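[1] to kick things off, part of the complex as it is:
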Amino acid sequence: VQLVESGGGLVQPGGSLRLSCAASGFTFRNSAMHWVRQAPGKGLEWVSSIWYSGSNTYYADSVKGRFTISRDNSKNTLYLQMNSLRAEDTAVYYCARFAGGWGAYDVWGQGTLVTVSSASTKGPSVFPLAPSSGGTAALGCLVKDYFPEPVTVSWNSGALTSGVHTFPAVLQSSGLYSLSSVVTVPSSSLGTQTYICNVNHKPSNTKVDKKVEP
């Protein structure tokens, strides 16, 4: 059995988007199909339902009037038309087969992420996290103000990996993302060892190498 969602992506507030979900491995015509989403760092929320036997659409209160659920059984595909999109509709969208008393949500797609934001593409700024005066020091790089996700960071072009923590991005009150990458080191190597964070932001084609000095 399988479910493959497609069509997720970046949409401005008030924009519209159609998600699709191709189903295989089961008799599609015989199954109720639902949409379930997951906002960043959040739990699961049911979005909408469509019957098989003589369809009967249902929707979460927060989406009533704005979303439409449909299906094409000749194309083994479920749709979600989303209009008047809002920032809070930002989420990973899962299609799922609903089996009710024979199984609830026994089949899940991989999810497709829908991001709703007025923010425009921007490469990050990268600032050093500077070590200073037991025998151990920390340093790193602040990778600030970029959109959209993601950014990748390495240290010394891969070669420095012990003690590295690259934290998950956070969405700032600017609607721009920010992340820090840190490394703990022997204090003695400072001034002796050269440390460089390599920062890549593909959506803006942004590539920086920043030596973090003591």
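    Alright, I've got the coordinates. Residues are numbered from 1 along each chain as shown, chains lettered A, B, ... in the order given.
[2] I'd like the distance between the residue nearest the centre of chain A and residue A:150.
    Closest to where the C-alpha atoms of chain A average out (Cα atoms, centre = their mean) is residue A:113, at 5.8 Å. For residue A:113, the distance to residue A:150 (Cβ to Cβ, to the nearest Å) stands at 11 Å. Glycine gets a C-beta too; all of them are placed from N, C-alpha and C.
[3] just to revisit the earlier point, the residue nearest to the centre of chain A reaches residue A:8, doesn't it?
    Yes: judged on Cβ atoms under 8 Å, residue A:113 makes contact with residue A:8 at a distance of 4.8 Å.
[4] picking up where we left off before, element containing the residue nearest to the centre of chain A?
    strand A:112-116 (DSSP states H and E).
[5] same question, residue A:198
    Going by DSSP H and E, residue A:198 is in strand A:196-201.
[6] contacts for that strand?
    Contacting residues not belonging to strand A:196-201 are listed as A:123-124, A:126, A:140-141, A:143, A:146, A:151-157, A:181, A:206-212 [Cβ atoms under 8 Å, 6 or more residues apart in numbering].
[7] parallel or antiparallel, which strands does that strand pair with?
    Take DSSP bridges as the rule and strand A:196-201 pairs in its sheet with strand A:152-155 (antiparallel), strand A:206-211 (antiparallel).
[8] closest to residue A:53 out of these?
    Ranking the strands paired with strand A:196-201 by their distance to residue A:53 (criterion: Cβ to Cβ) puts strand A:152-155 first, at 47.7 Å.
[9] to the structure above, add chain B:
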Amino acid sequence: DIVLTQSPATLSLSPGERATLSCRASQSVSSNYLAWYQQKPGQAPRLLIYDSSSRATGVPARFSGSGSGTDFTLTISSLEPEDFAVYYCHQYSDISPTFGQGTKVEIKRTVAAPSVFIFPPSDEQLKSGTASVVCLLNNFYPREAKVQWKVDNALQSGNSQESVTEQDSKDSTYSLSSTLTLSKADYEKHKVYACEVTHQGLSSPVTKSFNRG
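    Next up, chain B placed on what we already have:
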């Protein structure tokens, strides 16, 4: 509406130990139309139990579901390493399907106080009009930590954000960044920048600080 409340928020247990997770409803769930799902980071939910107590196909017998009415529980008789995950309950008994907000089952570990580090803003950022001050709490356990920002000893509120890593694959600890955003003017207007950290592994709050200039 049927509100689903999962307890506890987090269960901290070692492999081989029993896990007991609760799901209680605001109203009776008709026909015991209640399911349990497992979710790992970046992955889709996976069915475990449906109809309150039926095991999904190919789900290990160590997973079992029980309860009725408004009180339901998921038991993992013995946690395997692959079982540390988030678990959701789900009622599909009315026309408005709901989900509990989840129980995270995390690996229990020895208390480990964090190593704390504070970084001033860089001179390069300051010329741009903002100061980010970063406090790092490194490889601690448990996950609960209170991190306070103090500027000239005045508690800050509303101007920092936290970020946490997943439990370390090797040592099962967490690390956490707290970031303070100030205006350059506010930054330059004060002298002492302190990160206050409260945690189980520390008998007393640990303060890391610097003076601007």
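[10] about what we covered before: same for the strand holding residue A:113, what does it pack against?
    strand A:9-11, strand A:17-24, strand A:91-98 (3 or more Cβ pairs under 8 Å, 6 or more residues apart in numbering or on different chains; DSSP states H and E).
[11] save those as a markdown table, and put in mean neighbour count and distance to chain B too.
    Formatted as a markdown table, the helices and strands packed on strand A:112-116 follow (neighbours: other Cβ atoms under 10 Å in any protein chain shown; distance: least, Cβ to the nearest Cβ, whole Å):
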| stretch | mean neighbour count | distance to chain B |
| --- | --- | --- |
| strand A:9-11 | 15 | 18 |
| strand A:17-24 | 18 | 12 |
| strand A:91-98 | 24 | 6 |
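[12] got the domain ranges for chain A?
    What curated CATH domains lists as the domains of chain A is A:1-118, A:119-214.
[13] using CSV, lay out the ones you listed together with distance to residue B:30.
    As requested, the domains of chain A are exported to CSV (distance: least, Cβ to Cβ, whole Å):
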stretch, distance to residue B:30
domain A:1-118, 11
domain A:119-214, 39
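[14] can you tell which of the ones you listed is closest to residue B:52?
    Using Cβ to Cβ, the domains of chain A put domain A:1-118 closest to residue B:52, at 10.4 Å.
[15] which residues are in contact with the residue nearest to the centre of chain A?
    A:8, A:9, A:91, A:92, A:93 (Cβ atoms under 8 Å, 6 or more residues apart in numbering or on different chains).
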